[PDB]
Structures are given as structure tokens and as C-alpha cells.
Amino acid sequence: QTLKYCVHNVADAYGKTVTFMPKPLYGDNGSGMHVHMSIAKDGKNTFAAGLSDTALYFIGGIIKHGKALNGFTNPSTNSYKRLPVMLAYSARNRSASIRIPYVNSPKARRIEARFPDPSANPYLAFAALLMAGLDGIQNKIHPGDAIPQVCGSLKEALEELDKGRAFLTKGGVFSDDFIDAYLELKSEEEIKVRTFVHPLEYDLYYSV
Amino acid sequence: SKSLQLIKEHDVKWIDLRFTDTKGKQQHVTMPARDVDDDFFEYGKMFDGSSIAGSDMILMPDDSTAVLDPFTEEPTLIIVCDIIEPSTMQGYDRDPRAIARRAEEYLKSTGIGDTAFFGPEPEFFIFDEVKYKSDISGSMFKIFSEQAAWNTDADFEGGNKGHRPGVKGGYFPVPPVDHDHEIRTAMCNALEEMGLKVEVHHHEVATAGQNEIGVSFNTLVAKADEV
């Protein structure tokens, strides 16, 4: 939140203006908010391609609840104008939504998820990622080996959140009432976006 | 002959002698119709071909291709002429029409056949305006077309009727989308008035006003004159 603060105001100072939405441009690269997760335990690194079984279970939890996570890490109809969509993990491959950077130290082993976008609320997106990882670790969910994909439209992402909120509502981390209110807000938002004429439709169907 | 008959029929006032240079750009010189006689067809006119790209040379008219001009209000008869070297009185070495005649005569002499038939379909572009320059300062070939696919938001004198063909999608649209039906019909009418037996006309694949008008076939030199 501080980073968004500083970037916005420094942009305003020179007369420019920063936007953080994932895809303000078509025909050119969008903007993504990659997230590096690294759980510690009593000062040691739990995630120690060098990843322990617990890190793989975390990745499996991220993979399993990927579309449900898209309701928080991608709470934007822009996010699906940008979609790193393949819900797989690799250490070098550039086509996997989850990547493991080549860390030089065993203490700093971490995973990177590439689907989240800067339009996501930091608190909610981070909590959703952590909760999915905790669910995957607790349930011993094997991710497989280095296929599912993340959502493609906010409507289906909200549907998947409604159908898979269960892991978030574990231990009381997310209240069912909060999820319902958040879903109603995002649903009215998506409905507002969907039912408005697109200029591309004037490009395509004007004469037909 | 033919040209005299057309002159008598339509009270033709001017005779337009046309030939072709090496580059393929048709050239025309006009003359009064009252000078047409036996000596005009046995001697032809004369002109300095030195300034033609590719000295004195004789324009020998071909009366078999006399055809009225449907654009000039004054009735002018168009005659396509050959180029004759005064020294040898034979067809000019570099005259493309003479070369075409030599090719057809070679075809009829080798015994392979006679009267080789060529039917060409050339496509063209229709633009509202066009601009281009190229000097040390810079260069450009800006192109203006009301029906172009890139003018979907432009301002036009009359209005931007947003019906226009998309890129590589201007093939056979109805007149609301293609803005060239009436002009293509006018082209076909002019071609028919010039004796061309047109057979089809339509909008081609390109946007920005590409059209094709396919006309009937003919022999080598006849079809070159027809094109």
C-alpha cells in the first residue's frame, strides 16, 4: 500500500500519472504482481528443485484452489484481459504460472506465483495465497511434476470462489459473511462492466 | 475505311493518335479531323521521339483500332499508331506495339498456331486523394480514402457513415459497405463506349477501394490496345 502511495504521488508531482491495473493496453504487455512466498519456522526456512515436500504441498494447494484464488489475487475484469495462465510449476520454464527463482542460498528458498496482478488488494490477495498454501500443506496435496489453468473471466472466477470458499473459511480466517459481501460487490462490478457496449463491437458488427 | 466511317458517322472533330513508350505509359498527340486523307494513312504524322524515354520518327496510324473517346465533350476519335523509322520505313526496333506484332507473326510462322489469345484481369485501387513526396528533408506517401478500413473514426465532409470494409475483407460487400458500385458502373459504361466487351466488375479483396473489371479476351496486339 505504501508503494502504491509513493508511486502515485511521485507520478503526480511531475504531472504524470501511474496506473496499477494489470492491462491498460491491448497489443502490448500488461502488468503483473508476482508474489514470492517463503514460509519460515523457528528461524529456519520451511521451503528448503531444492524445495522440500512442504513447499510442493504449498504449490499443490495453490494449484488446486487457483480459480478460487483468482477471486482475490485477480479481483479485476482487467486481470482477465491480461490472462502466465497455465497452473503448473517449474524452475526455468517461462510458460508456468508458478516459478521457482534460482536462489543462491538454501535459507532463501521461495516460490513465485505469477498470475496475481497489482489491482489485487494486497491484504486479501496475500491472505488468499497463504490460506490456499496452508490448506494444501495440511491436506498433503501433491502438485504432481514440473492441465488446469487460471480463470479467464471475472464471472467464472467469482463462481469458483463461491463454490470453493471452504478453505478460506477454515479457522475463521475469512468469514462467510465477508465472502458473501465481497462476492456481491464484485458481482455488481462485473455486471456493470459486462453489459456495456464495446467499441470493438462497432469495429466488427456495425455493418452486419 | 473504319476511321473515316466513324468520322462521318459522329462528325468527329479531333483525331487523337496514341502510342506506347517503353515504360508502358500511353502517349497521345491530337490533330484536326479535317487533315485525315489518303496521305495521312500512307505517310502518317512525324514527331521527335528523342525526349521519349527509350530522333525523328513517323507515327503511322492503324485504322483498325479507331474508337470514339467517351470523356471529351468534343467528339474525338482515338487511333492507336505504330512507330516507323524513317530510314528503313519498317516498324521501330524499340516500339512495344511493333514487338507485339513481331511476336504474333513469329507465333503464326513457327506453325505452333495463330492468334494467341490473352485475357488479362488487372485490378486497381480507388482513392479519394493521395499525397507523396521524397526529398532530402523526408518522404511520405499518405493515402486518403473514405472507404478505407483505417478511417473508422475520421471526419468527413458529409459524415462518417461507419459502414466500410475491413482489412482483407472488402471482397464482395453490398453497396452499403462498398462505396464504389456506381463508380464501377460508370467505368464499365465508359469501357463499353470504348468498344470493350466487359464481362464482370466487382470489389476486390483489399480495403481502401480495390476494384476489378474483367473484360473479354482478344489477340496479342488487340488485347494490349484493349488494356
# chains A, B, ... in the order shown; residues from 1 in each chain; ligands from 1
$ residues_around --residues "residue A:58" --least-positions-apart "2" --cutoff "8 Å" --atoms "only C-alpha atoms" --output "NGL selection string"
:A and (54-56 or 60-62 or 132-137)
$ interface_residues --of "chain B" --to "chain A" --cutoff "12 Å" --atoms "only C-alpha atoms" --output "number ranges by chain"
B: 149-153, 161-167, 169, 173-178
$ residues_around --residues "stretch 98-105 of chain A" --least-positions-apart "6" --cutoff "7 Å" --atoms "only C-alpha atoms" --output "tab-separated table (two decimals) with N, CA, C and O atoms, in the first residue's frame"
chain	number	residue	atom	x	y	z
A	88	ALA	N	0.78	-24.59	-13.60
A	88	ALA	CA	1.85	-25.55	-13.40
A	88	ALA	C	3.05	-24.83	-12.81
A	88	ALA	O	3.11	-23.60	-12.80
A	89	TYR	N	4.01	-25.59	-12.31
A	89	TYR	CA	5.20	-25.02	-11.68
A	89	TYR	C	6.46	-25.56	-12.35
A	89	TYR	O	6.50	-26.72	-12.77
A	90	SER	N	7.47	-24.71	-12.45
A	90	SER	CA	8.76	-25.09	-13.00
A	90	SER	C	9.82	-24.14	-12.47
A	90	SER	O	9.51	-23.06	-11.97
A	91	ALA	N	11.07	-24.56	-12.60
A	91	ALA	CA	12.19	-23.76	-12.11
A	91	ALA	C	12.83	-22.88	-13.18
A	91	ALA	O	13.53	-21.93	-12.83
A	111	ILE	N	8.91	-19.74	-3.52
A	111	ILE	CA	8.17	-19.97	-4.74
A	111	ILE	C	7.62	-18.64	-5.23
A	111	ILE	O	7.42	-17.70	-4.46
A	112	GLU	N	7.38	-18.55	-6.53
A	112	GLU	CA	6.82	-17.34	-7.12
A	112	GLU	C	5.57	-17.70	-7.91
A	112	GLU	O	5.62	-18.55	-8.81
A	113	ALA	N	4.47	-17.04	-7.59
A	113	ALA	CA	3.22	-17.16	-8.33
A	113	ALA	C	3.05	-15.92	-9.20
A	113	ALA	O	3.16	-14.79	-8.71
A	114	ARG	N	2.78	-16.14	-10.49
A	114	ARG	CA	2.81	-15.06	-11.46
A	114	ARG	C	1.43	-14.58	-11.91
A	114	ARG	O	1.36	-13.57	-12.61
$ closest_residue --among "B:80, B:191, B:4, B:198" --to "residue B:36" --atoms "only C-alpha atoms"
B:4
$ select_by_dssp --residues "stretch 98-186 of chain B" --states "alpha helix (DSSP H)" --output "NGL selection string"
:B and (98-109 or 181-186)
$ residues_around --residues "residue B:58" --least-positions-apart "4" --cutoff "10 Å" --atoms "only C-alpha atoms" --output "JSON, numbers by chain"
{"B": [43, 44, 45, 46, 47, 48, 49, 81, 82, 83, 84, 85, 86, 89, 91, 92]}
$ residues_around --residues "residue A:87" --least-positions-apart "3" --cutoff "6 Å" --atoms "only C-alpha atoms" --output "VMD selection string"
chain A and resid 63 97 148 to 149
$ residues_around --residues "stretch 188-196 of chain A" --least-positions-apart "5" --cutoff "9 Å" --atoms "only C-alpha atoms" --output "number ranges by chain"
A: 76-77, 154-155, 183
$ write_last_selection --atoms "N, CA, C and O atoms" --output "mmCIF file, in the first residue's frame"
data_model
loop_
_atom_site.group_PDB
_atom_site.id
_atom_site.type_symbol
_atom_site.label_atom_id
_atom_site.label_comp_id
_atom_site.auth_asym_id
_atom_site.auth_seq_id
_atom_site.Cartn_x
_atom_site.Cartn_y
_atom_site.Cartn_z
ATOM 1 N N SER A 76 -10.416 -8.282 -10.623
ATOM 2 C CA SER A 76 -10.492 -7.219 -11.609
ATOM 3 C C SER A 76 -10.877 -7.814 -12.947
ATOM 4 O O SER A 76 -10.370 -8.869 -13.329
ATOM 5 N N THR A 77 -11.769 -7.127 -13.656
ATOM 6 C CA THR A 77 -12.063 -7.536 -15.019
ATOM 7 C C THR A 77 -10.913 -7.197 -15.959
ATOM 8 O O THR A 77 -10.874 -7.702 -17.085
ATOM 9 N N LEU A 154 -13.930 -12.685 -15.021
ATOM 10 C CA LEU A 154 -14.236 -12.455 -13.613
ATOM 11 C C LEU A 154 -15.501 -13.178 -13.183
ATOM 12 O O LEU A 154 -15.627 -13.562 -12.017
ATOM 13 N N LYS A 155 -16.445 -13.383 -14.104
ATOM 14 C CA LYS A 155 -17.672 -14.091 -13.757
ATOM 15 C C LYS A 155 -17.371 -15.507 -13.279
ATOM 16 O O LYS A 155 -17.816 -15.922 -12.199
ATOM 17 N N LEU A 183 -18.396 -10.976 -2.667
ATOM 18 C CA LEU A 183 -18.921 -11.540 -3.900
ATOM 19 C C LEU A 183 -20.013 -10.664 -4.487
ATOM 20 O O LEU A 183 -20.062 -10.471 -5.700
#
$ residues_around --residues "residue B:187" --least-positions-apart "5" --cutoff "9 Å" --atoms "only C-alpha atoms" --output "short mmCIF file (atom, residue, chain, number, x, y, z; two decimals) with N, CA and C atoms, in the first residue's frame"
data_model
loop_
_atom_site.label_atom_id
_atom_site.label_comp_id
_atom_site.auth_asym_id
_atom_site.auth_seq_id
_atom_site.Cartn_x
_atom_site.Cartn_y
_atom_site.Cartn_z
N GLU B 182 -21.44 2.55 -57.95
CA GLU B 182 -21.82 3.47 -59.02
C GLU B 182 -20.62 3.87 -59.86
N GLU B 192 -17.50 0.19 -72.29
CA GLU B 192 -18.38 -0.24 -73.37
C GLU B 192 -18.43 0.80 -74.48
N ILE B 213 -12.32 -5.03 -62.92
CA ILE B 213 -13.27 -5.05 -64.02
C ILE B 213 -12.68 -5.99 -65.07
#
$ decode --residues "stretch 60-176 of chain A" --atoms "C-alpha atoms" --output "PDB file, in the first residue's frame"
ATOM      1  CA  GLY A  60      -0.291 -28.069  -4.801  1.00  0.00           C
ATOM      2  CA  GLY A  61      -2.642 -26.056  -2.626  1.00  0.00           C
ATOM      3  CA  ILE A  62      -2.109 -23.037  -4.871  1.00  0.00           C
ATOM      4  CA  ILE A  63      -2.794 -25.163  -7.961  1.00  0.00           C
ATOM      5  CA  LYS A  64      -5.912 -26.836  -6.554  1.00  0.00           C
ATOM      6  CA  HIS A  65      -7.585 -23.581  -5.461  1.00  0.00           C
ATOM      7  CA  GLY A  66      -6.224 -21.498  -8.335  1.00  0.00           C
ATOM      8  CA  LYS A  67      -9.563 -20.381  -9.749  1.00  0.00           C
ATOM      9  CA  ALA A  68     -10.911 -19.751  -6.243  1.00  0.00           C
ATOM     10  CA  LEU A  69      -7.744 -17.764  -5.512  1.00  0.00           C
ATOM     11  CA  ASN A  70      -8.409 -15.754  -8.673  1.00  0.00           C
ATOM     12  CA  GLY A  71     -11.302 -14.100  -6.844  1.00  0.00           C
ATOM     13  CA  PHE A  72      -8.798 -12.336  -4.567  1.00  0.00           C
ATOM     14  CA  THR A  73      -5.466 -12.277  -6.408  1.00  0.00           C
ATOM     15  CA  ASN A  74      -7.357 -11.261  -9.572  1.00  0.00           C
ATOM     16  CA  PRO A  75     -10.339  -9.175  -8.369  1.00  0.00           C
ATOM     17  CA  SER A  76     -10.492  -7.219 -11.609  1.00  0.00           C
ATOM     18  CA  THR A  77     -12.063  -7.536 -15.019  1.00  0.00           C
ATOM     19  CA  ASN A  78      -8.721  -6.169 -16.240  1.00  0.00           C
ATOM     20  CA  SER A  79      -6.888  -9.164 -14.768  1.00  0.00           C
ATOM     21  CA  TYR A  80      -8.544 -11.446 -17.317  1.00  0.00           C
ATOM     22  CA  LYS A  81      -7.685  -9.097 -20.166  1.00  0.00           C
ATOM     23  CA  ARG A  82      -4.046  -9.990 -19.385  1.00  0.00           C
ATOM     24  CA  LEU A  83      -4.556 -13.743 -18.988  1.00  0.00           C
ATOM     25  CA  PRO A  84       1.102 -16.887 -17.294  1.00  0.00           C
ATOM     26  CA  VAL A  85      -2.161 -18.841 -17.203  1.00  0.00           C
ATOM     27  CA  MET A  86      -1.092 -22.490 -17.081  1.00  0.00           C
ATOM     28  CA  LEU A  87      -1.443 -23.665 -13.467  1.00  0.00           C
ATOM     29  CA  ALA A  88       1.851 -25.553 -13.399  1.00  0.00           C
ATOM     30  CA  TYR A  89       5.197 -25.025 -11.685  1.00  0.00           C
ATOM     31  CA  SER A  90       8.757 -25.095 -12.997  1.00  0.00           C
ATOM     32  CA  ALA A  91      12.188 -23.760 -12.107  1.00  0.00           C
ATOM     33  CA  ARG A  92      13.194 -22.382 -15.525  1.00  0.00           C
ATOM     34  CA  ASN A  93      10.125 -22.619 -17.758  1.00  0.00           C
ATOM     35  CA  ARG A  94       8.530 -19.301 -18.715  1.00  0.00           C
ATOM     36  CA  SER A  95       5.110 -20.797 -19.538  1.00  0.00           C
ATOM     37  CA  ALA A  96       4.253 -21.831 -15.960  1.00  0.00           C
ATOM     38  CA  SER A  97       2.162 -19.592 -13.717  1.00  0.00           C
ATOM     39  CA  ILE A  98       4.357 -20.661 -10.774  1.00  0.00           C
ATOM     40  CA  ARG A  99       8.133 -20.321 -10.976  1.00  0.00           C
ATOM     41  CA  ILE A 100      10.992 -21.045  -8.583  1.00  0.00           C
ATOM     42  CA  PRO A 101      13.822 -18.486  -8.899  1.00  0.00           C
ATOM     43  CA  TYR A 102      17.391 -19.789  -8.823  1.00  0.00           C
ATOM     44  CA  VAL A 103      18.208 -18.692  -5.291  1.00  0.00           C
ATOM     45  CA  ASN A 104      21.879 -18.895  -4.327  1.00  0.00           C
ATOM     46  CA  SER A 105      21.231 -19.807  -0.681  1.00  0.00           C
ATOM     47  CA  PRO A 106      19.208 -22.618   0.928  1.00  0.00           C
ATOM     48  CA  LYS A 107      17.885 -20.182   3.547  1.00  0.00           C
ATOM     49  CA  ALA A 108      16.116 -18.024   0.936  1.00  0.00           C
ATOM     50  CA  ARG A 109      14.232 -20.743  -0.950  1.00  0.00           C
ATOM     51  CA  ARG A 110      10.864 -19.450  -2.131  1.00  0.00           C
ATOM     52  CA  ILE A 111       8.172 -19.973  -4.745  1.00  0.00           C
ATOM     53  CA  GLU A 112       6.818 -17.344  -7.122  1.00  0.00           C
ATOM     54  CA  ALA A 113       3.215 -17.155  -8.327  1.00  0.00           C
ATOM     55  CA  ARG A 114       2.806 -15.059 -11.460  1.00  0.00           C
ATOM     56  CA  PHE A 115      -0.941 -14.796 -12.005  1.00  0.00           C
ATOM     57  CA  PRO A 116      -1.705 -12.138  -9.318  1.00  0.00           C
ATOM     58  CA  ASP A 117      -1.984  -8.572 -10.577  1.00  0.00           C
ATOM     59  CA  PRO A 118      -1.319  -5.196  -8.921  1.00  0.00           C
ATOM     60  CA  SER A 119      -5.039  -4.377  -8.989  1.00  0.00           C
ATOM     61  CA  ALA A 120      -5.462  -7.023  -6.287  1.00  0.00           C
ATOM     62  CA  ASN A 121      -5.860  -5.840  -2.725  1.00  0.00           C
ATOM     63  CA  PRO A 122      -2.517  -6.723  -1.083  1.00  0.00           C
ATOM     64  CA  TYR A 123      -4.066  -7.939   2.171  1.00  0.00           C
ATOM     65  CA  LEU A 124      -6.782 -10.060   0.577  1.00  0.00           C
ATOM     66  CA  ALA A 125      -4.599 -11.494  -2.197  1.00  0.00           C
ATOM     67  CA  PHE A 126      -1.779 -12.354   0.203  1.00  0.00           C
ATOM     68  CA  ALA A 127      -4.172 -13.917   2.709  1.00  0.00           C
ATOM     69  CA  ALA A 128      -5.823 -15.967  -0.039  1.00  0.00           C
ATOM     70  CA  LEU A 129      -2.464 -17.247  -1.288  1.00  0.00           C
ATOM     71  CA  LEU A 130      -1.339 -18.133   2.230  1.00  0.00           C
ATOM     72  CA  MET A 131      -4.640 -19.842   3.046  1.00  0.00           C
ATOM     73  CA  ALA A 132      -4.503 -21.936  -0.125  1.00  0.00           C
ATOM     74  CA  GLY A 133      -0.937 -22.942   0.685  1.00  0.00           C
ATOM     75  CA  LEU A 134      -1.875 -23.843   4.256  1.00  0.00           C
ATOM     76  CA  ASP A 135      -4.786 -25.958   3.023  1.00  0.00           C
ATOM     77  CA  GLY A 136      -2.538 -27.769   0.553  1.00  0.00           C
ATOM     78  CA  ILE A 137       0.106 -28.376   3.215  1.00  0.00           C
ATOM     79  CA  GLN A 138      -2.373 -29.640   5.815  1.00  0.00           C
ATOM     80  CA  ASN A 139      -4.192 -31.968   3.411  1.00  0.00           C
ATOM     81  CA  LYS A 140      -0.968 -33.360   1.848  1.00  0.00           C
ATOM     82  CA  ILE A 141      -1.873 -32.398  -1.718  1.00  0.00           C
ATOM     83  CA  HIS A 142       0.834 -33.472  -4.155  1.00  0.00           C
ATOM     84  CA  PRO A 143       1.155 -30.989  -7.054  1.00  0.00           C
ATOM     85  CA  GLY A 144       2.499 -33.641  -9.425  1.00  0.00           C
ATOM     86  CA  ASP A 145       5.597 -32.968 -11.521  1.00  0.00           C
ATOM     87  CA  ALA A 146       7.016 -29.921 -13.288  1.00  0.00           C
ATOM     88  CA  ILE A 147      -3.850 -29.362 -17.258  1.00  0.00           C
ATOM     89  CA  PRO A 148      -5.598 -26.775 -15.075  1.00  0.00           C
ATOM     90  CA  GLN A 149      -5.447 -23.082 -15.916  1.00  0.00           C
ATOM     91  CA  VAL A 150      -6.453 -19.942 -14.042  1.00  0.00           C
ATOM     92  CA  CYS A 151      -9.799 -18.327 -14.808  1.00  0.00           C
ATOM     93  CA  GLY A 152     -10.482 -16.363 -17.972  1.00  0.00           C
ATOM     94  CA  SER A 153     -13.313 -14.055 -16.926  1.00  0.00           C
ATOM     95  CA  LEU A 154     -14.236 -12.455 -13.613  1.00  0.00           C
ATOM     96  CA  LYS A 155     -17.672 -14.091 -13.757  1.00  0.00           C
ATOM     97  CA  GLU A 156     -16.280 -17.628 -13.677  1.00  0.00           C
ATOM     98  CA  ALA A 157     -13.696 -16.603 -11.077  1.00  0.00           C
ATOM     99  CA  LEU A 158     -16.454 -15.354  -8.772  1.00  0.00           C
ATOM    100  CA  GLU A 159     -18.418 -18.555  -9.389  1.00  0.00           C
ATOM    101  CA  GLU A 160     -15.371 -20.641  -8.476  1.00  0.00           C
ATOM    102  CA  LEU A 161     -14.842 -18.547  -5.348  1.00  0.00           C
ATOM    103  CA  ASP A 162     -18.459 -19.131  -4.332  1.00  0.00           C
ATOM    104  CA  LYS A 163     -18.005 -22.866  -4.866  1.00  0.00           C
ATOM    105  CA  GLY A 164     -14.576 -23.169  -3.228  1.00  0.00           C
ATOM    106  CA  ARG A 165     -14.515 -20.620  -0.397  1.00  0.00           C
ATOM    107  CA  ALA A 166     -14.285 -23.563   2.011  1.00  0.00           C
ATOM    108  CA  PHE A 167     -10.525 -23.421   2.596  1.00  0.00           C
ATOM    109  CA  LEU A 168     -10.682 -19.684   3.324  1.00  0.00           C
ATOM    110  CA  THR A 169     -13.426 -20.273   5.893  1.00  0.00           C
ATOM    111  CA  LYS A 170     -11.098 -22.503   7.927  1.00  0.00           C
ATOM    112  CA  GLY A 171     -10.146 -21.360  11.401  1.00  0.00           C
ATOM    113  CA  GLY A 172     -12.224 -18.227  10.856  1.00  0.00           C
ATOM    114  CA  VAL A 173      -9.638 -16.511   8.648  1.00  0.00           C
ATOM    115  CA  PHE A 174     -12.383 -15.428   6.239  1.00  0.00           C
ATOM    116  CA  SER A 175     -15.951 -15.056   7.431  1.00  0.00           C
ATOM    117  CA  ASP A 176     -18.711 -16.419   5.229  1.00  0.00           C
TER     118      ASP A 176
END
